[PDB]
file final-v7.pdb (PDB, N, CA and C atoms (P, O5', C5', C4', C3', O3' and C1' of nucleotides) and all ligand atoms)
MODEL        1
ATOM      1  N   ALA A   1      27.939  -5.332  -6.273  1.00  0.00           N
ATOM      2  CA  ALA A   1      27.164  -4.738  -5.198  1.00  0.00           C
ATOM      3  C   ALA A   1      25.882  -4.132  -5.772  1.00  0.00           C
ATOM      4  N   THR A   2      25.005  -3.715  -4.870  1.00  0.00           N
ATOM      5  CA  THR A   2      23.743  -3.119  -5.272  1.00  0.00           C
ATOM      6  C   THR A   2      23.829  -1.593  -5.202  1.00  0.00           C
ATOM      7  N   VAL A   3      23.682  -0.970  -6.362  1.00  0.00           N
ATOM      8  CA  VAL A   3      23.740   0.479  -6.446  1.00  0.00           C
ATOM      9  C   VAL A   3      22.557   0.985  -7.274  1.00  0.00           C
ATOM     10  N   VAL A   4      22.543   0.584  -8.536  1.00  0.00           N
ATOM     11  CA  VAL A   4      21.479   0.989  -9.439  1.00  0.00           C
ATOM     12  C   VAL A   4      20.398  -0.095  -9.462  1.00  0.00           C
ATOM     13  N   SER A   5      19.152   0.356  -9.464  1.00  0.00           N
ATOM     14  CA  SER A   5      18.024  -0.559  -9.485  1.00  0.00           C
ATOM     15  C   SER A   5      16.747   0.193  -9.865  1.00  0.00           C
ATOM     16  N   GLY A   6      16.063  -0.336 -10.869  1.00  0.00           N
ATOM     17  CA  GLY A   6      14.829   0.272 -11.337  1.00  0.00           C
ATOM     18  C   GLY A   6      13.735   0.181 -10.271  1.00  0.00           C
ATOM     19  N   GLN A   7      12.597   0.785 -10.584  1.00  0.00           N
ATOM     20  CA  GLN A   7      11.470   0.779  -9.667  1.00  0.00           C
ATOM     21  C   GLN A   7      10.177   0.457 -10.417  1.00  0.00           C
ATOM     22  N   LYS A   8       9.448  -0.513  -9.886  1.00  0.00           N
ATOM     23  CA  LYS A   8       8.193  -0.925 -10.493  1.00  0.00           C
ATOM     24  C   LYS A   8       7.040  -0.600  -9.542  1.00  0.00           C
ATOM     25  N   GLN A   9       6.307   0.447  -9.889  1.00  0.00           N
ATOM     26  CA  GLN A   9       5.178   0.872  -9.078  1.00  0.00           C
ATOM     27  C   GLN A   9       3.870   0.691  -9.852  1.00  0.00           C
ATOM     28  N   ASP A  10       3.113  -0.317  -9.446  1.00  0.00           N
ATOM     29  CA  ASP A  10       1.844  -0.606 -10.090  1.00  0.00           C
ATOM     30  C   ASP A  10       0.709   0.015  -9.272  1.00  0.00           C
ATOM     31  N   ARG A  11       0.204   1.132  -9.774  1.00  0.00           N
ATOM     32  CA  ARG A  11      -0.879   1.831  -9.103  1.00  0.00           C
ATOM     33  C   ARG A  11      -2.196   1.075  -9.292  1.00  0.00           C
ATOM     34  N   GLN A  12      -3.016   1.110  -8.251  1.00  0.00           N
ATOM     35  CA  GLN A  12      -4.302   0.436  -8.288  1.00  0.00           C
ATOM     36  C   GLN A  12      -5.057   0.661  -6.977  1.00  0.00           C
ATOM     37  N   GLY A  13      -6.377   0.693  -7.090  1.00  0.00           N
ATOM     38  CA  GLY A  13      -7.222   0.900  -5.926  1.00  0.00           C
ATOM     39  C   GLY A  13      -7.860   2.290  -5.951  1.00  0.00           C
ATOM     40  N   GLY A  14      -8.954   2.419  -5.216  1.00  0.00           N
ATOM     41  CA  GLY A  14      -9.666   3.683  -5.145  1.00  0.00           C
ATOM     42  C   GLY A  14     -11.135   3.467  -4.775  1.00  0.00           C
ATOM     43  N   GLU A  15     -11.355   3.177  -3.502  1.00  0.00           N
ATOM     44  CA  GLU A  15     -12.702   2.946  -3.008  1.00  0.00           C
ATOM     45  C   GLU A  15     -12.763   3.186  -1.498  1.00  0.00           C
ATOM     46  N   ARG A  16     -12.644   4.451  -1.126  1.00  0.00           N
ATOM     47  CA  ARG A  16     -12.684   4.826   0.276  1.00  0.00           C
ATOM     48  C   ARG A  16     -12.746   6.348   0.418  1.00  0.00           C
ATOM     49  N   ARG A  17     -12.977   6.787   1.647  1.00  0.00           N
ATOM     50  CA  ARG A  17     -13.062   8.210   1.929  1.00  0.00           C
ATOM     51  C   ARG A  17     -11.782   8.692   2.615  1.00  0.00           C
ATOM     52  N   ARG A  18     -11.242   9.783   2.092  1.00  0.00           N
ATOM     53  CA  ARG A  18     -10.024  10.354   2.642  1.00  0.00           C
ATOM     54  C   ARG A  18     -10.355  11.279   3.814  1.00  0.00           C
ATOM     55  N   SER A  19     -11.184  10.768   4.714  1.00  0.00           N
ATOM     56  CA  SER A  19     -11.586  11.534   5.881  1.00  0.00           C
ATOM     57  C   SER A  19     -10.382  12.282   6.457  1.00  0.00           C
ATOM     58  N   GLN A  20     -10.263  13.541   6.063  1.00  0.00           N
ATOM     59  CA  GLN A  20      -9.166  14.371   6.530  1.00  0.00           C
ATOM     60  C   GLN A  20      -7.880  13.549   6.622  1.00  0.00           C
ATOM     61  N   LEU A  21      -7.559  12.886   5.520  1.00  0.00           N
ATOM     62  CA  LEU A  21      -6.363  12.064   5.463  1.00  0.00           C
ATOM     63  C   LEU A  21      -5.186  12.839   6.059  1.00  0.00           C
ATOM     64  N   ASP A  22      -4.848  12.486   7.290  1.00  0.00           N
ATOM     65  CA  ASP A  22      -3.749  13.138   7.980  1.00  0.00           C
ATOM     66  C   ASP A  22      -2.449  12.889   7.211  1.00  0.00           C
ATOM     67  N   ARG A  23      -1.690  13.959   7.032  1.00  0.00           N
ATOM     68  CA  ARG A  23      -0.427  13.870   6.319  1.00  0.00           C
ATOM     69  C   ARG A  23       0.563  13.002   7.099  1.00  0.00           C
ATOM     70  N   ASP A  24       0.172  12.666   8.320  1.00  0.00           N
ATOM     71  CA  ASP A  24       1.011  11.844   9.174  1.00  0.00           C
ATOM     72  C   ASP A  24       0.211  10.630   9.652  1.00  0.00           C
ATOM     73  N   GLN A  25      -0.723  10.209   8.813  1.00  0.00           N
ATOM     74  CA  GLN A  25      -1.559   9.066   9.136  1.00  0.00           C
ATOM     75  C   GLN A  25      -1.244   7.896   8.203  1.00  0.00           C
ATOM     76  N   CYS A  26      -1.932   6.789   8.440  1.00  0.00           N
ATOM     77  CA  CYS A  26      -1.735   5.599   7.630  1.00  0.00           C
ATOM     78  C   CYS A  26      -2.987   5.384   6.778  1.00  0.00           C
ATOM     79  N   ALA A  27      -2.760   5.200   5.485  1.00  0.00           N
ATOM     80  CA  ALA A  27      -3.855   4.984   4.555  1.00  0.00           C
ATOM     81  C   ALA A  27      -4.018   3.484   4.305  1.00  0.00           C
ATOM     82  N   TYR A  28      -3.741   2.709   5.343  1.00  0.00           N
ATOM     83  CA  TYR A  28      -3.851   1.263   5.249  1.00  0.00           C
ATOM     84  C   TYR A  28      -4.687   0.701   6.401  1.00  0.00           C
ATOM     85  N   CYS A  29      -4.184   0.907   7.610  1.00  0.00           N
ATOM     86  CA  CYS A  29      -4.870   0.428   8.798  1.00  0.00           C
ATOM     87  C   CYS A  29      -5.647   1.596   9.407  1.00  0.00           C
ATOM     88  N   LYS A  30      -5.240   2.799   9.027  1.00  0.00           N
ATOM     89  CA  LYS A  30      -5.888   4.000   9.526  1.00  0.00           C
ATOM     90  C   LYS A  30      -5.215   4.434  10.829  1.00  0.00           C
ATOM     91  N   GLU A  31      -3.978   3.989  10.995  1.00  0.00           N
ATOM     92  CA  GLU A  31      -3.216   4.322  12.187  1.00  0.00           C
ATOM     93  C   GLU A  31      -2.495   5.658  11.999  1.00  0.00           C
ATOM     94  N   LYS A  32      -2.502   6.452  13.060  1.00  0.00           N
ATOM     95  CA  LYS A  32      -1.855   7.753  13.026  1.00  0.00           C
ATOM     96  C   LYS A  32      -0.479   7.651  13.688  1.00  0.00           C
ATOM     97  N   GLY A  33       0.532   8.076  12.944  1.00  0.00           N
ATOM     98  CA  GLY A  33       1.896   8.039  13.444  1.00  0.00           C
ATOM     99  C   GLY A  33       2.845   7.442  12.404  1.00  0.00           C
ATOM    100  N   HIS A  34       2.373   6.388  11.754  1.00  0.00           N
ATOM    101  CA  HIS A  34       3.165   5.719  10.736  1.00  0.00           C
ATOM    102  C   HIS A  34       2.468   5.839   9.380  1.00  0.00           C
ATOM    103  N   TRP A  35       3.265   5.721   8.328  1.00  0.00           N
ATOM    104  CA  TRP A  35       2.740   5.813   6.977  1.00  0.00           C
ATOM    105  C   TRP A  35       2.401   4.399   6.503  1.00  0.00           C
ATOM    106  N   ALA A  36       1.541   4.336   5.497  1.00  0.00           N
ATOM    107  CA  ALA A  36       1.128   3.058   4.943  1.00  0.00           C
ATOM    108  C   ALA A  36       2.358   2.310   4.428  1.00  0.00           C
ATOM    109  N   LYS A  37       3.300   3.077   3.897  1.00  0.00           N
ATOM    110  CA  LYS A  37       4.524   2.501   3.366  1.00  0.00           C
ATOM    111  C   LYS A  37       5.346   1.915   4.515  1.00  0.00           C
ATOM    112  N   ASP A  38       4.905   2.213   5.729  1.00  0.00           N
ATOM    113  CA  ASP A  38       5.589   1.724   6.915  1.00  0.00           C
ATOM    114  C   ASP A  38       4.563   1.117   7.875  1.00  0.00           C
ATOM    115  N   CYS A  39       3.440   0.703   7.307  1.00  0.00           N
ATOM    116  CA  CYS A  39       2.377   0.106   8.098  1.00  0.00           C
ATOM    117  C   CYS A  39       2.907  -1.191   8.712  1.00  0.00           C
ATOM    118  N   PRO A  40       2.799  -1.271  10.066  1.00  0.00           N
ATOM    119  CA  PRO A  40       3.261  -2.446  10.786  1.00  0.00           C
ATOM    120  C   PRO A  40       2.293  -3.616  10.605  1.00  0.00           C
ATOM    121  N   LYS A  41       1.241  -3.360   9.839  1.00  0.00           N
ATOM    122  CA  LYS A  41       0.238  -4.378   9.578  1.00  0.00           C
ATOM    123  C   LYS A  41       0.553  -5.072   8.251  1.00  0.00           C
ATOM    124  N   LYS A  42       1.374  -4.405   7.452  1.00  0.00           N
ATOM    125  CA  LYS A  42       1.761  -4.942   6.159  1.00  0.00           C
ATOM    126  C   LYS A  42       2.439  -6.299   6.358  1.00  0.00           C
ATOM    127  N   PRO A  43       2.308  -7.166   5.318  1.00  0.00           N
ATOM    128  CA  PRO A  43       2.901  -8.491   5.368  1.00  0.00           C
ATOM    129  C   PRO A  43       4.416  -8.421   5.163  1.00  0.00           C
ATOM    130  N   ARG A  44       5.093  -9.458   5.634  1.00  0.00           N
ATOM    131  CA  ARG A  44       6.540  -9.526   5.511  1.00  0.00           C
ATOM    132  C   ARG A  44       6.939  -9.690   4.042  1.00  0.00           C
ATOM    133  N   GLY A  45       8.224  -9.496   3.786  1.00  0.00           N
ATOM    134  CA  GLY A  45       8.746  -9.620   2.436  1.00  0.00           C
ATOM    135  C   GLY A  45      10.229  -9.996   2.453  1.00  0.00           C
ATOM    136  N   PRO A  46      10.779 -10.219   1.229  1.00  0.00           N
ATOM    137  CA  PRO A  46       9.985 -10.098   0.018  1.00  0.00           C
ATOM    138  C   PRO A  46       9.049 -11.298  -0.146  1.00  0.00           C
ATOM    139  N   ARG A  47       7.820 -10.999  -0.541  1.00  0.00           N
ATOM    140  CA  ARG A  47       6.825 -12.040  -0.738  1.00  0.00           C
ATOM    141  C   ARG A  47       5.576 -11.459  -1.406  1.00  0.00           C
ATOM    142  N   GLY A  48       5.604 -11.449  -2.731  1.00  0.00           N
ATOM    143  CA  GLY A  48       4.486 -10.927  -3.498  1.00  0.00           C
ATOM    144  C   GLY A  48       3.798 -12.040  -4.290  1.00  0.00           C
ATOM    145  N   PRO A  49       2.506 -11.786  -4.633  1.00  0.00           N
ATOM    146  CA  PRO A  49       1.727 -12.755  -5.386  1.00  0.00           C
ATOM    147  C   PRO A  49       2.150 -12.774  -6.856  1.00  0.00           C
ATOM    148  N   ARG A  50       1.939 -13.921  -7.484  1.00  0.00           N
ATOM    149  CA  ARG A  50       2.292 -14.084  -8.884  1.00  0.00           C
ATOM    150  C   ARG A  50       1.037 -14.333  -9.723  1.00  0.00           C
ATOM    151  N   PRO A  51       1.082 -13.834 -10.987  1.00  0.00           N
ATOM    152  CA  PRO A  51      -0.040 -13.997 -11.896  1.00  0.00           C
ATOM    153  C   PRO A  51      -0.113 -15.430 -12.427  1.00  0.00           C
ATOM    154  N   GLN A  52       1.047 -15.945 -12.809  1.00  0.00           N
ATOM    155  CA  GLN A  52       1.129 -17.298 -13.333  1.00  0.00           C
ATOM    156  C   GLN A  52       0.033 -17.530 -14.376  1.00  0.00           C
ATOM    157  N   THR A  53       0.401 -17.320 -15.631  1.00  0.00           N
ATOM    158  CA  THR A  53      -0.537 -17.502 -16.726  1.00  0.00           C
ATOM    159  C   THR A  53      -0.520 -18.955 -17.208  1.00  0.00           C
ATOM    160  N   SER A  54      -1.679 -19.407 -17.662  1.00  0.00           N
ATOM    161  CA  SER A  54      -1.810 -20.769 -18.151  1.00  0.00           C
ATOM    162  C   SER A  54      -3.126 -20.926 -18.917  1.00  0.00           C
ATOM    163  N   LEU A  55      -3.037 -20.745 -20.226  1.00  0.00           N
ATOM    164  CA  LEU A  55      -4.208 -20.861 -21.079  1.00  0.00           C
ATOM    165  C   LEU A  55      -5.223 -19.786 -20.694  1.00  0.00           C
ATOM    166  N   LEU A  56      -6.028 -19.399 -21.674  1.00  0.00           N
ATOM    167  CA  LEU A  56      -7.042 -18.383 -21.451  1.00  0.00           C
ATOM    168  C   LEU A  56      -6.366 -17.074 -21.039  1.00  0.00           C
TER     169      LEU A  56
ATOM    170  P     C B   1       0.945  -8.823  -0.033  1.00  0.00           P
ATOM    171  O5'   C B   1      -0.615  -8.857   0.320  1.00  0.00           O
ATOM    172  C5'   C B   1      -1.566  -9.192  -0.687  1.00  0.00           C
ATOM    173  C4'   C B   1      -2.865  -9.633  -0.050  1.00  0.00           C
ATOM    174  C3'   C B   1      -3.585  -8.540   0.734  1.00  0.00           C
ATOM    175  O3'   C B   1      -4.380  -7.762  -0.158  1.00  0.00           O
ATOM    176  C1'   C B   1      -3.553 -10.477   2.035  1.00  0.00           C
ATOM    177  P     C B   2      -4.200  -6.174  -0.211  1.00  0.00           P
ATOM    178  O5'   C B   2      -5.665  -5.633   0.135  1.00  0.00           O
ATOM    179  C5'   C B   2      -6.806  -6.449  -0.124  1.00  0.00           C
ATOM    180  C4'   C B   2      -7.453  -6.867   1.178  1.00  0.00           C
ATOM    181  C3'   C B   2      -7.743  -5.714   2.136  1.00  0.00           C
ATOM    182  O3'   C B   2      -9.006  -5.136   1.812  1.00  0.00           O
ATOM    183  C1'   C B   2      -6.741  -7.457   3.319  1.00  0.00           C
ATOM    184  P     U B   3      -9.083  -3.891   0.810  1.00  0.00           P
ATOM    185  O5'   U B   3      -9.605  -2.706   1.749  1.00  0.00           O
ATOM    186  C5'   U B   3      -9.510  -1.353   1.308  1.00  0.00           C
ATOM    187  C4'   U B   3      -8.420  -0.633   2.070  1.00  0.00           C
ATOM    188  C3'   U B   3      -7.085  -1.371   2.108  1.00  0.00           C
ATOM    189  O3'   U B   3      -6.395  -1.167   0.877  1.00  0.00           O
ATOM    190  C1'   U B   3      -7.459  -0.626   4.287  1.00  0.00           C
ATOM    191  P     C B   4      -4.838  -1.519   0.764  1.00  0.00           P
ATOM    192  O5'   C B   4      -4.130  -0.112   1.040  1.00  0.00           O
ATOM    193  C5'   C B   4      -4.572   1.056   0.351  1.00  0.00           C
ATOM    194  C4'   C B   4      -3.505   2.128   0.407  1.00  0.00           C
ATOM    195  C3'   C B   4      -2.745   2.329  -0.901  1.00  0.00           C
ATOM    196  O3'   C B   4      -3.388   3.343  -1.671  1.00  0.00           O
ATOM    197  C1'   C B   4      -1.106   1.784   0.667  1.00  0.00           C
ATOM    198  P     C B   5      -2.980   3.564  -3.202  1.00  0.00           P
ATOM    199  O5'   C B   5      -4.324   4.136  -3.853  1.00  0.00           O
ATOM    200  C5'   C B   5      -4.258   5.164  -4.840  1.00  0.00           C
ATOM    201  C4'   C B   5      -5.368   6.167  -4.621  1.00  0.00           C
ATOM    202  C3'   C B   5      -4.938   7.432  -3.884  1.00  0.00           C
ATOM    203  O3'   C B   5      -4.269   8.305  -4.792  1.00  0.00           O
ATOM    204  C1'   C B   5      -6.999   6.789  -2.999  1.00  0.00           C
ATOM    205  P     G B   6      -2.859   8.946  -4.393  1.00  0.00           P
ATOM    206  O5'   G B   6      -3.084   9.396  -2.874  1.00  0.00           O
ATOM    207  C5'   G B   6      -3.301  10.770  -2.563  1.00  0.00           C
ATOM    208  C4'   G B   6      -2.150  11.305  -1.742  1.00  0.00           C
ATOM    209  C3'   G B   6      -0.791  10.709  -2.097  1.00  0.00           C
ATOM    210  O3'   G B   6      -0.217  11.447  -3.175  1.00  0.00           O
ATOM    211  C1'   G B   6      -1.009  10.494   0.215  1.00  0.00           C
ATOM    212  P     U B   7       1.051  10.865  -3.957  1.00  0.00           P
ATOM    213  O5'   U B   7       1.067   9.324  -3.522  1.00  0.00           O
ATOM    214  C5'   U B   7       1.134   8.304  -4.515  1.00  0.00           C
ATOM    215  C4'   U B   7       2.565   8.106  -4.962  1.00  0.00           C
ATOM    216  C3'   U B   7       3.448   7.385  -3.949  1.00  0.00           C
ATOM    217  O3'   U B   7       3.253   5.968  -4.072  1.00  0.00           O
ATOM    218  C1'   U B   7       4.670   9.268  -4.588  1.00  0.00           C
TER     219        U B   7
HETATM  220 ZN    ZN A 101      -0.827   1.375   9.131  1.00  0.00          ZN
ENDMDL
END
call {"tool": "encode", "arguments": {"input": "final-v7.pdb", "output": "structure tokens", "more": "lines below"}}
Ligand SMILES: [Zn+2]
result
Amino acid sequence: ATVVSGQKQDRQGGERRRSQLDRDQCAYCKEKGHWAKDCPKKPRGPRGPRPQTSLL
RNA sequence: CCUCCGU
């Protein structure tokens, strides 16, 4: 079963104004009520991009 | 994916 599981948080980004960033606002779509972590605009998952290295 | 800088 699933009990223990690590967490991979890759921080990145920083080019916008926190116009009175509401503690109950969304820092994604700018919607008030839901959090970015719960942004209904976010893409479905699991489905993340891959780096896929190949020469260079 | 894009706008998750707030964990
Ligand atoms: Zn949102």
call {"tool": "residues_near_ligand", "arguments": {"input": "final-v7.pdb", "ligand": "ligand ZN 101 (chain A)", "cutoff": "12 Å", "atoms": "only C-alpha atoms (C1' of nucleotides) and all ligand atoms", "output": "PyMOL selection string"}}
result
(chain A and resi 24-43) or (chain B and resi 3-4)
call {"tool": "resolve_selection", "arguments": {"input": "final-v7.pdb", "expression": "the PyMOL selection byres (((chain B and resi 6) around 8) and not hetatm)", "output": "PDB file with N, CA and C atoms (P, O5', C5', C4', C3', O3' and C1' of nucleotides), in the frame of the given file"}}
result
ATOM      1  N   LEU A  21      -7.559  12.886   5.520  1.00  0.00           N
ATOM      2  CA  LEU A  21      -6.363  12.064   5.463  1.00  0.00           C
ATOM      3  C   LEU A  21      -5.186  12.839   6.059  1.00  0.00           C
ATOM      4  N   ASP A  22      -4.848  12.486   7.290  1.00  0.00           N
ATOM      5  CA  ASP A  22      -3.749  13.138   7.980  1.00  0.00           C
ATOM      6  C   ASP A  22      -2.449  12.889   7.211  1.00  0.00           C
ATOM      7  N   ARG A  23      -1.690  13.959   7.032  1.00  0.00           N
ATOM      8  CA  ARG A  23      -0.427  13.870   6.319  1.00  0.00           C
ATOM      9  C   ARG A  23       0.563  13.002   7.099  1.00  0.00           C
ATOM     10  N   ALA A  27      -2.760   5.200   5.485  1.00  0.00           N
ATOM     11  CA  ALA A  27      -3.855   4.984   4.555  1.00  0.00           C
ATOM     12  C   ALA A  27      -4.018   3.484   4.305  1.00  0.00           C
TER      13      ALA A  27
ATOM     14  P     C B   4      -4.838  -1.519   0.764  1.00  0.00           P
ATOM     15  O5'   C B   4      -4.130  -0.112   1.040  1.00  0.00           O
ATOM     16  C5'   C B   4      -4.572   1.056   0.351  1.00  0.00           C
ATOM     17  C4'   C B   4      -3.505   2.128   0.407  1.00  0.00           C
ATOM     18  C3'   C B   4      -2.745   2.329  -0.901  1.00  0.00           C
ATOM     19  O3'   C B   4      -3.388   3.343  -1.671  1.00  0.00           O
ATOM     20  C1'   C B   4      -1.106   1.784   0.667  1.00  0.00           C
ATOM     21  P     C B   5      -2.980   3.564  -3.202  1.00  0.00           P
ATOM     22  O5'   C B   5      -4.324   4.136  -3.853  1.00  0.00           O
ATOM     23  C5'   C B   5      -4.258   5.164  -4.840  1.00  0.00           C
ATOM     24  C4'   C B   5      -5.368   6.167  -4.621  1.00  0.00           C
ATOM     25  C3'   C B   5      -4.938   7.432  -3.884  1.00  0.00           C
ATOM     26  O3'   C B   5      -4.269   8.305  -4.792  1.00  0.00           O
ATOM     27  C1'   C B   5      -6.999   6.789  -2.999  1.00  0.00           C
ATOM     28  P     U B   7       1.051  10.865  -3.957  1.00  0.00           P
ATOM     29  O5'   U B   7       1.067   9.324  -3.522  1.00  0.00           O
ATOM     30  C5'   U B   7       1.134   8.304  -4.515  1.00  0.00           C
ATOM     31  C4'   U B   7       2.565   8.106  -4.962  1.00  0.00           C
ATOM     32  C3'   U B   7       3.448   7.385  -3.949  1.00  0.00           C
ATOM     33  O3'   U B   7       3.253   5.968  -4.072  1.00  0.00           O
ATOM     34  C1'   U B   7       4.670   9.268  -4.588  1.00  0.00           C
TER      35        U B   7
END
call {"tool": "atom_distance", "arguments": {"input": "final-v7.pdb", "atom1": "atom N of residue 47 (chain A)", "atom2": "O3' of residue 1 (chain B)"}}
result
12.6 Å
call {"tool": "atom_distance", "arguments": {"input": "final-v7.pdb", "atom1": "atom C of residue 2 (chain A)", "atom2": "CA of residue 46 (chain A)"}}
result
17.1 Å
call {"tool": "atom_distance", "arguments": {"input": "final-v7.pdb", "atom1": "CA of residue 14 (chain A)", "atom2": "CA of residue 54 (chain A)"}}
result
28.8 Å
call {"tool": "build_atoms", "arguments": {"input": "final-v7.pdb", "residues": "region 7-18 of chain A", "atoms": "N, CA, C and O atoms", "output": "PDB file, in the coordinates of the input"}}
result
ATOM      1  N   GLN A   7      12.597   0.785 -10.584  1.00  0.00           N
ATOM      2  CA  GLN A   7      11.470   0.779  -9.667  1.00  0.00           C
ATOM      3  C   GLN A   7      10.177   0.457 -10.417  1.00  0.00           C
ATOM      4  O   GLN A   7       9.874   1.078 -11.436  1.00  0.00           O
ATOM      5  N   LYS A   8       9.448  -0.513  -9.886  1.00  0.00           N
ATOM      6  CA  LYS A   8       8.193  -0.925 -10.493  1.00  0.00           C
ATOM      7  C   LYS A   8       7.040  -0.600  -9.542  1.00  0.00           C
ATOM      8  O   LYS A   8       6.844  -1.287  -8.541  1.00  0.00           O
ATOM      9  N   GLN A   9       6.307   0.447  -9.889  1.00  0.00           N
ATOM     10  CA  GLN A   9       5.178   0.872  -9.078  1.00  0.00           C
ATOM     11  C   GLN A   9       3.870   0.691  -9.852  1.00  0.00           C
ATOM     12  O   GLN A   9       3.583   1.450 -10.777  1.00  0.00           O
ATOM     13  N   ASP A  10       3.113  -0.317  -9.446  1.00  0.00           N
ATOM     14  CA  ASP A  10       1.844  -0.606 -10.090  1.00  0.00           C
ATOM     15  C   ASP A  10       0.709   0.015  -9.272  1.00  0.00           C
ATOM     16  O   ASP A  10       0.326  -0.517  -8.232  1.00  0.00           O
ATOM     17  N   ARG A  11       0.204   1.132  -9.774  1.00  0.00           N
ATOM     18  CA  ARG A  11      -0.879   1.831  -9.103  1.00  0.00           C
ATOM     19  C   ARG A  11      -2.196   1.075  -9.292  1.00  0.00           C
ATOM     20  O   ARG A  11      -2.436   0.491 -10.347  1.00  0.00           O
ATOM     21  N   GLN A  12      -3.016   1.110  -8.251  1.00  0.00           N
ATOM     22  CA  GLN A  12      -4.302   0.436  -8.288  1.00  0.00           C
ATOM     23  C   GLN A  12      -5.057   0.661  -6.977  1.00  0.00           C
ATOM     24  O   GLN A  12      -4.445   0.797  -5.919  1.00  0.00           O
ATOM     25  N   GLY A  13      -6.377   0.693  -7.090  1.00  0.00           N
ATOM     26  CA  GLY A  13      -7.222   0.900  -5.926  1.00  0.00           C
ATOM     27  C   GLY A  13      -7.860   2.290  -5.951  1.00  0.00           C
ATOM     28  O   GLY A  13      -7.361   3.194  -6.620  1.00  0.00           O
ATOM     29  N   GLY A  14      -8.954   2.419  -5.216  1.00  0.00           N
ATOM     30  CA  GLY A  14      -9.666   3.683  -5.145  1.00  0.00           C
ATOM     31  C   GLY A  14     -11.135   3.467  -4.775  1.00  0.00           C
ATOM     32  O   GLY A  14     -12.014   3.565  -5.630  1.00  0.00           O
ATOM     33  N   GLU A  15     -11.355   3.177  -3.502  1.00  0.00           N
ATOM     34  CA  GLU A  15     -12.702   2.946  -3.008  1.00  0.00           C
ATOM     35  C   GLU A  15     -12.763   3.186  -1.498  1.00  0.00           C
ATOM     36  O   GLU A  15     -12.912   2.242  -0.723  1.00  0.00           O
ATOM     37  N   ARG A  16     -12.644   4.451  -1.126  1.00  0.00           N
ATOM     38  CA  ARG A  16     -12.684   4.826   0.276  1.00  0.00           C
ATOM     39  C   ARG A  16     -12.746   6.348   0.418  1.00  0.00           C
ATOM     40  O   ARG A  16     -12.586   7.073  -0.562  1.00  0.00           O
ATOM     41  N   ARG A  17     -12.977   6.787   1.647  1.00  0.00           N
ATOM     42  CA  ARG A  17     -13.062   8.210   1.929  1.00  0.00           C
ATOM     43  C   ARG A  17     -11.782   8.692   2.615  1.00  0.00           C
ATOM     44  O   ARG A  17     -11.323   8.082   3.580  1.00  0.00           O
ATOM     45  N   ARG A  18     -11.242   9.783   2.092  1.00  0.00           N
ATOM     46  CA  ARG A  18     -10.024  10.354   2.642  1.00  0.00           C
ATOM     47  C   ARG A  18     -10.355  11.279   3.814  1.00  0.00           C
ATOM     48  O   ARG A  18      -9.864  12.405   3.879  1.00  0.00           O
TER      49      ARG A  18
END
